[PDB]
Amino acid sequence: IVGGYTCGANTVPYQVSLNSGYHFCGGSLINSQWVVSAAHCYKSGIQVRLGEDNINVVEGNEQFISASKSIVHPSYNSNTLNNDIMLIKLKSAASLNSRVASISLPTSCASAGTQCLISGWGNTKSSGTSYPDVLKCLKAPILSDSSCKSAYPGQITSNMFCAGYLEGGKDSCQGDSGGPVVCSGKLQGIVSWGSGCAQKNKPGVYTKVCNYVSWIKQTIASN
Ligand SMILES: N=C(N)c1cccc(C[C@H](NS(=O)(=O)c2ccc3ccccc3c2)C(=O)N2CCCC[C@@H]2C(=O)O)c1
Ligand SMILES: [Ca+2]
């Protein structure tokens with residue numbers, strides 16, 4: 001997260017870190033046994049880490065659970081990043097408490113102007129590299145479809161939405177991928193992609209979760 005603030009230990013209880021010997025992507029806990037992330041984060045041998053703050057130190061509120069099955073969206077296109085969503089099932093259910101809680105799926109799509117909370121352990125520099133060990137947070141409004149499409153000519157599909165600042169300086173970044181974009185207390189987006197990080201006129205592009213609610217519910221109910 002570029003230009004954000006330190007969330008504070010366990011203040012984003014639904015945030016998960018996907019670990020494969022190291023953190024490589026974020027994710028959101030939607031229920032005691034299912035996590036939602038970005039399809040471009042797909043990898044085998046994923047361990048889901050819940051209750052995380054400092055990912056390099058065992059602080060006492062963690063739950064390390066291996067994934068038993070990963071399901072990348074049937075229509076995921078790696079070249080365009082269209083349908084960049086993936087479901088991961090935990091081998092065992094997580095113990096939900098105040099510090100580890102699931103985030104609700106939206107019942108409707110959030111509108112432009114809505115303020116959202118974006119979080120992750122990704123790079124904090126727009127130019128250069130510095131990965132934080134504690135979770136970073138960023139408040140950012142959903143941008144209109146017009147500004148989004150104008151910022152990225154011919155790359156925005158009906159399953160993506162821009163959120164951030166056209167001025168730059170504040171944005172998600174490499175390592176935040178798969179992470180949550182919560183608006184109105186529901187999961188509205190998933191950190192997907194962007195041109196660079198915190199660049200002017202190049203806001204972050206997120207997977208529009210409301211379009212996938214049926215797919216999610218159906219898959220969870222039969223797997
Ligand atoms: N600006 C943002 N809000 C943002 C959000 C998430 C990730 C990134 C970093 C990166 N932005 S980038 O400018 O480095 C970039 C963008 C598109 C690309 C397409 C093909 C190959 C490399 C690409 C690199 C990126 O979009 N991706 C997602 C898809 C794969 C590679 C890389 C990642 O590991 O997360 C930026
Ligand atoms: Ca830890």
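Just so it is clear, none of the values below were taken in a lab; they were calculated from the coordinates. For neighbour counting, all protein chains shown are included, and Cβ atoms are generated from backbone atoms with ideal geometry for every residue, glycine included.
Working only within the stretch 193-223, note down all residues that are in contact (Cβ under 8 Å) with a residue 12 or more places away in the chain, within 17 Å of residue 74 (Cα to Cα) and of a type outside the set (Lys, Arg). Give the steps one after another, and end with the answer.
Residues of the stretch 193-223 that are in contact (Cβ under 8 Å) with a residue 12 or more places away in the chain, as a first pass: 193-213, 215-217, 219-220, 223.
With within 17 Å of residue 74 (Cα to Cα) added as a condition, the list becomes 207-213, 215-217, 219-220, 223.
Answer for the stretch 193-223, where residues must be in contact (Cβ under 8 Å) with a residue 12 or more places away in the chain, within 17 Å of residue 74 (Cα to Cα) and of a type outside the set (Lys, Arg): 207, 209, 210, 211, 212, 213, 215, 216, 219, 220, 223.
Of the numbered conditions (1) assigned to a strand (DSSP E or B); (2) within 15 Å of ligand 2 (Cβ to nearest atom); (3) crowded, with 18+ Cβ neighbours inside 10 Å, residue 10 satisfies every one except a single condition; which is it?
Status for residue 10: all satisfied but (1).
Tell me, yes or no, whether the stretch 129-138 has at least one residue that is among the polar types (S, T, N, Q), touching a residue at least 24 places away in the same chain (Cβ under 8 Å) and more than 16 Å from ligand 2 (Cβ to nearest atom).
no
If only one of 198, 151 is aliphatic (A, V, I, L, M) and within 29 Å of residue 10 (Cα to Cα), which one is it?
Sole residue among the options that is aliphatic (A, V, I, L, M) and within 29 Å of residue 10 (Cα to Cα): 198.
Is it fair to say residue 119 is within 21 Å of residue 192 (Cα to Cα), out of contact with any helix residue (DSSP H, G or I) (no Cβ under 6 Å at 6 or more places or on another chain), in contact (Cβ under 8 Å) with a residue 40 or more places away in the chain and within 16 Å of ligand 2 (Cβ to nearest atom)?
yes
Could you tell me whether any residue of the stretch 80-88 is in contact with a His (Cβ under 6 Å, 6 or more places away or on another chain), at positive phi and away from ligand 2 (no atom under 16 Å from the Cβ)?
Yes, the conditions are met somewhere in the stretch 80-88.
For the stretch 162-170, check the following and say yes or no: at least one residue is under 16 Å from the mean Cα position of the chain (by Cα) and either closer than 24 Å to residue 51 by Cα or among the aliphatic types (A, V, I, L, M) (or both).
Checking the stretch 162-170: at least one residue is under 16 Å from the mean Cα position of the chain (by Cα) and either closer than 24 Å to residue 51 by Cα or among the aliphatic types (A, V, I, L, M) (or both).
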